[PDB]
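Here is the structure we will look at, set down as structure tokens.
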Ligand SMILES: *[C@@H]1O[C@H](CO)[C@@H](O[C@@H]2O[C@H](CO)[C@@H](O[C@@H]3O[C@H](CO[C@H]4O[C@H](CO[C@H]5O[C@H](CO)[C@@H](O)[C@H](O)[C@@H]5O)[C@@H](O)[C@H](O[C@H]5O[C@H](CO)[C@@H](O)[C@H](O)[C@@H]5O)[C@@H]4O)[C@@H](O)[C@H](O[C@H]4O[C@H](CO)[C@@H](O)[C@H](O)[C@@H]4O)[C@@H]3O)[C@H](O)[C@H]2NC(C)=O)[C@H](O)[C@H]1NC(C)=O
Ligand SMILES: *[C@@H]1O[C@H](CO)[C@@H](O[C@@H]2O[C@H](CO)[C@@H](O[C@@H]3O[C@H](CO[C@H]4O[C@H](CO)[C@@H](O)[C@H](O)[C@@H]4O)[C@@H](O)[C@H](O[C@H]4O[C@H](CO)[C@@H](O)[C@H](O)[C@@H]4O)[C@@H]3O)[C@H](O)[C@H]2NC(C)=O)[C@H](O)[C@H]1NC(C)=O
Ligand SMILES: *[C@@H]1O[C@H](CO)[C@@H](O[C@@H]2O[C@H](CO)[C@@H](O[C@@H]3O[C@H](CO[C@H]4O[C@H](CO)[C@@H](O)[C@H](O)[C@@H]4O)[C@@H](O)[C@H](O[C@H]4O[C@H](CO)[C@@H](O)[C@H](O)[C@@H]4O)[C@@H]3O)[C@H](O)[C@H]2NC(C)=O)[C@H](O)[C@H]1NC(C)=O
Ligand SMILES: *[C@@H]1O[C@H](CO)[C@@H](O[C@@H]2O[C@H](CO)[C@@H](O[C@@H]3O[C@H](CO[C@H]4O[C@H](CO)[C@@H](O)[C@H](O)[C@@H]4O)[C@@H](O)[C@H](O[C@H]4O[C@H](CO)[C@@H](O)[C@H](O)[C@@H]4O)[C@@H]3O)[C@H](O)[C@H]2NC(C)=O)[C@H](O)[C@H]1NC(C)=O
Ligand SMILES: *[C@@H]1O[C@H](CO)[C@@H](O[C@@H]2O[C@H](CO)[C@@H](O[C@@H]3O[C@H](CO[C@H]4O[C@H](CO)[C@@H](O)[C@H](O)[C@@H]4O)[C@@H](O)[C@H](O[C@H]4O[C@H](CO)[C@@H](O)[C@H](O)[C@@H]4O)[C@@H]3O)[C@H](O)[C@H]2NC(C)=O)[C@H](O)[C@H]1NC(C)=O
Ligand SMILES: *[C@@H]1O[C@H](CO)[C@@H](O[C@@H]2O[C@H](CO)[C@@H](O[C@@H]3O[C@H](CO[C@H]4O[C@H](CO)[C@@H](O)[C@H](O)[C@@H]4O)[C@@H](O)[C@H](O)[C@@H]3O)[C@H](O)[C@H]2NC(C)=O)[C@H](O)[C@H]1NC(C)=O
Ligand SMILES: *[C@@H]1O[C@H](CO)[C@@H](O[C@@H]2O[C@H](CO)[C@@H](O[C@@H]3O[C@H](CO)[C@@H](O)[C@H](O)[C@@H]3O)[C@H](O)[C@H]2NC(C)=O)[C@H](O)[C@H]1NC(C)=O
Ligand SMILES: *[C@@H]1O[C@H](CO)[C@@H](O[C@@H]2O[C@H](CO)[C@@H](O)[C@H](O)[C@H]2NC(C)=O)[C@H](O)[C@H]1NC(C)=O
Ligand SMILES: *[C@@H]1O[C@H](CO)[C@@H](O[C@@H]2O[C@H](CO)[C@@H](O)[C@H](O)[C@H]2NC(C)=O)[C@H](O)[C@H]1NC(C)=O
Ligand SMILES: *[C@@H]1O[C@H](CO)[C@@H](O)[C@H](O)[C@H]1NC(C)=O
Ligand SMILES: *[C@@H]1O[C@H](CO)[C@@H](O)[C@H](O)[C@H]1NC(C)=O
Ligand SMILES: *[C@@H]1O[C@H](CO)[C@@H](O)[C@H](O)[C@H]1NC(C)=O
Ligand SMILES: *[C@@H]1O[C@H](CO)[C@@H](O)[C@H](O)[C@H]1NC(C)=O
Ligand SMILES: *[C@@H]1O[C@H](CO)[C@@H](O)[C@H](O)[C@H]1NC(C)=O
Ligand SMILES: *[C@@H]1O[C@H](CO)[C@@H](O)[C@H](O)[C@H]1NC(C)=O
Ligand SMILES: *[C@@H]1O[C@H](CO)[C@@H](O)[C@H](O)[C@H]1NC(C)=O
Ligand SMILES: *[C@@H]1O[C@H](CO)[C@@H](O)[C@H](O)[C@H]1NC(C)=O
Ligand SMILES: *[C@@H]1O[C@H](CO)[C@@H](O)[C@H](O)[C@H]1NC(C)=O
Ligand SMILES: *[C@@H]1O[C@H](CO)[C@@H](O)[C@H](O)[C@H]1NC(C)=O
Ligand SMILES: *[C@@H]1O[C@H](CO)[C@@H](O)[C@H](O)[C@H]1NC(C)=O
Ligand SMILES: *[C@@H]1O[C@H](CO)[C@@H](O)[C@H](O)[C@H]1NC(C)=O
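Chains as they are written, first to last, in this note's numbering: chain A, 1 to 223; chain B, 1001 to 1242; chain C, 2001 to 2449; chain D, 3001 to 3052; chain E, 4001 to 4126; chain F, 5001 to 5126.
Rendered as structure tokens:
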């Protein structure tokens, strides 16, 4: 089974640098890139970069160019990241992710089906609506996300204190283990995720995603 | 087994030209001819000509040999056996006897003795050649009336009065309410202006549960009117139900 | 009036499939001999007068990203590399401690050596007395251990020396399909490589595609027609590489100003290792020239095609590689037998808004390589005598786009690579394999009594 | 039949380079037990009585 | 006119029936890396003899064209004589009949030359 | 009724003559360890073309059944018409005729289509 084992979180001071590791197992490390994405509470998730273990190729987000360094150890299948010149803005939970489609022939990076446990580091478009959603068990939640570019859209669910789980991809296709209660729809630029017969497990925060871009999130809580 | 959509109805003064389009979809545009057949109220059905999208070869009638130009765009592949294309035609030196409906038709077969034969046809584009200028319509709301007291039904609508030239399209709630809609043809007044009426039969119990907005569109004058039909009727035979 | 079935044999009916493709490589290339250079040994000679039949009215859909010929060529070149290295001399007793020192030169401290003068033991023809011989290795080939060094591939895999008889010269190889199959070719001037093709033709054998293994910069490729071409499986996806194909080739000159000596030390009985002797002349480093004007016009012609997909009024900034292995961060290629890794920081250092000499690039040289991300087989490239000079064509790029933008209207592109299949996708985009099914039934007014 | 190896073991990856690597047996975590196999007495009785 | 191999692929079936002798002609065509073509041309001749066996066990033997005593089932895309040979390509036709190709093949190899030739054996003894 | 491949093996020869198109259909069927099947399907097609060559040089060509101008020699197990097709299986019959199969083959390939076709060569010129 595909398993991403991350090193724990840490507390840094401003100006210092941080280093994180993520050991992949259960698949051929060279087949597809590993990604690094940071999630700050109440903030749009930020994709930091990807690395292809084959050759060690890397691609960094603009915001981080010159500060971040991604490498890997093919023998131990371990991906390494370093971030320099830490400022208060860098406080967040850092994840390593792997896409769902990952064979020898080809892959698709942005359907993040595999996530590490995350590393809490403290240092001291897609329009998603509504911001919050207070509903009772049994009702139906309809979260919306407006795009401007179009292309395989995904929906993720994050439970309080757990790593996000892939719920839907391609805007209308359910992932493994997702029951019929979750359904996706699309009209023009608009995307709707509908969750029928709410139950305790469904409550959390939901994100729409188009490649590296994420929505602002919708917190669905029990009332 | 496709679909041909033509451009909207236009109004042109005699002496000018007009270009009527005909977009096709659902089949290979280059595998069939594109015939153009018109129909007036004085000369009957008249075949104008055809054009083969593959080569560009054209065959016009001697009557339209010196004032009709047929053009076709390149094929835009959709699937391996279906596609979408567009054919145009430009008729110059318009006269009073050119007022009528112009159709575009798909050929019948690819090979044989009836390859160009018009098989799949369009919806047609009305062409009016007149000097009289374009006059905007006057939409008036038609108050709901009682249709069946024991049945509990009524009928409300809109009145398109004094417009020129034809046609005028009327929809309800941006095309949401379509059942029970009866649009009657217009009347040719002594002045030369047309005027039609649209009426939809609706139950009387629907008041604050559905918004009635009749959408009258008159493209020749580039004007759209959205009237809010008041649900409160004045018919004494219907007020008993309320 | 009632129709009747009739069997037709030989109808133009084909379906997309995958089969076993064979080779073809002219007849003059076989006269190159030199103990079977590269692959051409038992390859079928190419047909002197190839036939290309333009299928009128035919619109066929191609897919360069889901094409099996790329995977077949890749596995073919890999098996070629193994069969070419199986009968060569294995350098198993070469991981001995290397007492290395600086090369004989005169400062400064910023020259960082690069070349190491290693002395070590060696087994002679007899299994008794050893052999105190010295060689000259590059810093990328050695690594110190606690001056005593060692080969950098000791605790990775074995090592075999490439035989000096064969060559790594990319020669045109025509891929052909057996009877019953055919190769469809898109002959439109603007085929950006996916979807229906208006002008499709059929062929038995493709044109001469030279297997040039290189990264970042596509060398010796097919020039594009009219405007330069930009191909991507998913443009909005920045994780998928962007293959760029040029219209006008960019003249590049690479040289090795270190005309070298081949010492033939004898690790008998039979085997013999080719070490690097002393350097005759000056201690210079390999370098590559790119004509400044040509690079400017090519970049200005590409950025005009990039604005057709990322918005008309946007800023396109070029930056070099972000990091990783040497094969991805540098322009890796082969020239004269040596494996160069050139600094491509002077080519991708620009910022284009909406509206006379040569650019030299520092090139490193490595002898012990592990291409195709292969573990188990390390090949030692034997030294090459004489100054090596080579002039090639830059005919395309392999770019990657930076992600997580959201804010900002500029887009930054960096050189990429790694997967060598992309190097084959830049030539097999206009070909696809189909199988012929000549059996077709059809109704007609035909029967017997 | 149930067979077990009550000696959950460690794999030491000693390196006989270059390249090759031998997997030796490390220390045993837990109790020193020997592998064994169980056969249900009743099933074995009915099977033997059916064979004889 | 000779459009060549696979020439009349986009033409109607009636027009493509004139090019039968062209795709049939180029259908057979007369250390590792050398076995790559060997195993391919062996599968090539196995595919050829496979089609020749189907063409032989049916009421044809003589290649190109042959007629049969099989009623055209309307369920197999009920089209007209002039709507097939003058309005459809062979690829488009095979795309529709792909469901019933194996059924017709079964009605051709079994129902015909197994009952017809035995009938001739009964008709040739007298 | 369709007993399948080798269905009427225990049935009489007259009954087994109805299943000819079944054993003929499944007779051709369309790094080491992979050449194991290659050399086998090559011997499979060589066995097929061997039988097709014998079936062609004789007065048959058309498969399944064909008649010949050869008198049945009584020494080849003198049985009756109704004692062969209605009282003997093909395995039991081939067990008896195994001695004379090669002789009949010689009387079929040589005595017939070499003298018959040349006779037609003399009969077709006038
Ligand atoms: C190589 O070059 C060629 C050019 O020769 C090229 O082909 C064109 O590529 C361009 C991209 O540059 C295309 O233009 C885009 O088309 C995208 C896809 O359109 C399909 O999908 C639409 C959505 O379908 C879902 O939604 C509907 C409704 O919810 C749903 O019912 C369906 O089930 C489906 O799930 C679909 O509606 C559209 O259908 C219309 O369009 C075709 C024509 O394209 C038309 O014939 C139909 O009749 C129908 O009217 C089509 O099926 C697309 O998403 C995109 O539009 C989005 O982005 C733009 C901004 O960029 C916005 O304006 C817009 O609001 C959307 O969000 C755009 O239209 C074009 O489709 C290609 N042509 C063909 C024939 O495929 C390649 O891309 C080039 N390749 C490379 C590598 O460069
Ligand atoms: C690509 O697909 C297109 C269709 O989109 C094809 O083009 C049509 O091809 C058919 C043939 O099947 C055409 O039909 C014939 O047109 C002929 C025109 O004749 C003049 O031009 C030729 C060529 O220059 C001259 O040599 C001749 O001298 C004439 O000057 C006619 O002669 C035909 O009518 C005669 O034959 C038919 C039977 O074939 C009879 O029924 C008639 O009564 C008459 O005797 C026929 O009309 C058609 O013209 C083509 N289209 C266009 C636009 O021209 C292609 O065939 C196809 N590609 C391929 C490779 O097949
Ligand atoms: C790479 O590093 C290696 C060593 O690791 C080098 O190879 C050595 O190079 C040195 C030169 O600096 C060699 O030293 C020379 O050896 C010659 C061999 O002569 C033999 O025979 C004579 C009798 O005729 C004996 O006396 C002698 O001891 C030897 O057994 C000597 O003849 C040379 O002497 C000459 O040069 C010196 C220089 O100062 C003069 O003073 C003398 O008078 C005389 O003219 C000299 O001693 C050494 O032998 C090499 N070793 C091996 C194993 O090859 C490379 O030089 C180095 N390369 C670079 C680029 O740095
Ligand atoms: C790159 O580095 C290599 C290192 O090997 C150099 O190769 C040597 O270059 C020198 C100089 O050119 C060559 O020396 C020449 O030897 C000739 C005679 O050689 C033959 O005869 C001897 C016996 O006498 C044999 O042992 C040998 O095998 C040959 O059969 C001389 O005739 C030459 O002198 C003539 O040419 C020079 C110019 O080269 C003129 O200046 C002279 O006046 C005279 O006309 C010369 O001395 C040596 O043979 C080469 N060795 C090898 C193995 O090739 C390259 O020169 C160097 N290149 C550069 C560009 O730096
Ligand atoms: C058979 O013998 C093998 C010998 O290898 C035993 O395997 C080891 O078992 C121990 C005990 O379970 C494991 O120790 C555990 O380590 C966890 C953390 O490991 C991660 O983090 C470290 C860095 O801190 C990394 O180096 C490491 O690679 C991992 O990524 C702890 O969290 C565990 O504590 C938790 O679980 C135990 C129960 O296991 C609870 O009692 C604790 O309260 C706590 O909840 C634990 O300490 C060790 O990692 C294993 N090694 C390997 C290689 O697998 C088997 O356990 C043994 N089985 C039996 C049945 O005897
Ligand atoms: C055998 O050949 C191998 C080549 O395939 C060598 O492997 C590489 O060796 C280099 C060092 O020369 C490593 O790079 C360094 O990695 C360290 C990692 O530090 C962390 O890990 C160490 C060890 O657990 C720990 O002590 C530290 O505290 C850290 O937690 C970096 O810190 C260095 O800056 C440097 O990057 C490579 O990672 C390693 N692997 C690969 C795939 O390159 C190997 O060294 C050779 N064997 C010997 C004995 O030298
Ligand atoms: C052989 O070695 C000598 C000794 O190092 C080399 O001389 C060195 O040359 C460099 C380059 O000119 C000098 O660096 C200088 O530093 C000063 C510092 O202020 C700076 O102002 C200069 O512009 C220059 O960068 C260095 O001082 C000098 N060293 C000595 C001892 O003179 C020499 O170049 C080498 N080659 C030859 C052929 O001599
Ligand atoms: C690569 O080298 C060739 C050969 O020297 C260069 O071509 C020369 O260019 C100059 C200037 O235009 C001409 O005067 C010479 O006649 C050319 N010689 C040949 C043989 O073509 C070329 O410019 C060099 N390119 C780069 C990028 O360095
Ligand atoms: C082998 O182990 C299995 C699993 O423990 C035994 O099956 C159990 O048998 C007991 C007694 O009948 C039941 O109560 C359990 O529910 C069974 N468990 C399972 C998973 O089947 C089995 O009896 C053992 N056999 C031997 C020969 O030791
Ligand atoms: C990416 O490519 C796939 C495969 O053709 C396609 O389905 C998808 O629509 C593409 N995405 C975009 C944004 O064009
Ligand atoms: C060269 O010599 C200097 C001076 O002793 C030393 O510091 C350095 O490590 C040596 N090697 C290189 C590669 O510079
Ligand atoms: C080999 O290296 C050793 C290092 O201990 C050295 O003593 C010896 O002289 C060298 N040469 C030979 C021939 O052993
Ligand atoms: C790219 O250039 C930068 C300087 O801008 C340098 O630090 C880095 O090492 C270069 N990277 C590669 C891959 O050459
Ligand atoms: C490549 O060149 C750039 C610019 O000179 C430099 O910053 C970088 O360090 C160089 N990279 C290497 C690997 O030398
Ligand atoms: C490479 O480009 C040069 C410059 O025009 C040209 O002379 C040469 O023929 C090209 N090589 C090719 C296309 O193989
Ligand atoms: C003809 O088609 C119908 C319906 O698909 C089917 O019932 C019938 O069996 C078919 N005829 C033959 C001979 O298979
Ligand atoms: C023609 O097609 C129709 C409709 O499928 C069908 O009723 C008729 O039998 C067909 N006729 C011929 C001659 O194929
Ligand atoms: C093929 O058969 C399937 C299954 O009955 C059916 O869904 C499909 O419509 C058929 N297609 C054609 C072209 O007859
Ligand atoms: C038939 O067999 C008998 C006895 O074995 C023999 O006398 C005769 O020559 C044979 N004739 C033929 C034609 O085989
Ligand atoms: C039966 O066999 C005998 C002996 O050869 C022969 O006399 C007789 O004609 C045969 N009868 C039939 C009916 O075949
Ligand atoms: C086969 O021939 C041998 C040798 O003449 C003889 O012994 C045997 O009886 C024959 N068998 C049959 C079935 O004719």
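C-beta: ideal position from N, C-alpha, C; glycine also.
Need the endpoints of the alpha helix (DSSP H) that residue i sits in, please.
| i | result |
| --- | --- |
| residue 5048/F | 5035-5057 |
| residue 5121/F | 5116-5123 |
| residue 4084/E | 4081-4084 |
Could you tell me if residue i is buried or exposed, where buried requires 16 or more neighbouring beta carbons within 10 angstroms of its beta carbon?
| i | result |
| --- | --- |
| residue 3033/D | exposed |
| residue 2430/C | buried |
| residue 3077/D | Residue 3077/D is absent from the structure shown; chain D starts at 3001 and stops at 3052. |
| residue 4099/E | exposed |
| residue 1207/B | exposed |
Taking 6 Å as the cut-off, is the CB of residue i close to at least one heavy atom of ligand 14?
| i | result |
| --- | --- |
| residue 2343/C | yes |
Cβ of residue i versus every heavy atom of ligand 12: is any distance shorter than 6 Å?
| i | result |
| --- | --- |
| residue 35/A | no |
Residues of chain H with CB closer than 8 Å to the CB of residue i, please, in chain order.
| i | result |
| --- | --- |
| residue 59/A | Given the protein chain composition of this structure (A, B, C, D, E and F), no chain H is represented. |
Worksheet entry | At least three beta-carbon pairs within less than 8 Å, the stretch 1094-1105 of chain B to the stretch 190-209 of chain A | no
Discussion item. Between the stretch 1012-1022 of chain B and the stretch 71-81 of chain A, can you find at least three pairs of beta-carbon atoms closer than 8 Å?
Written reply: no
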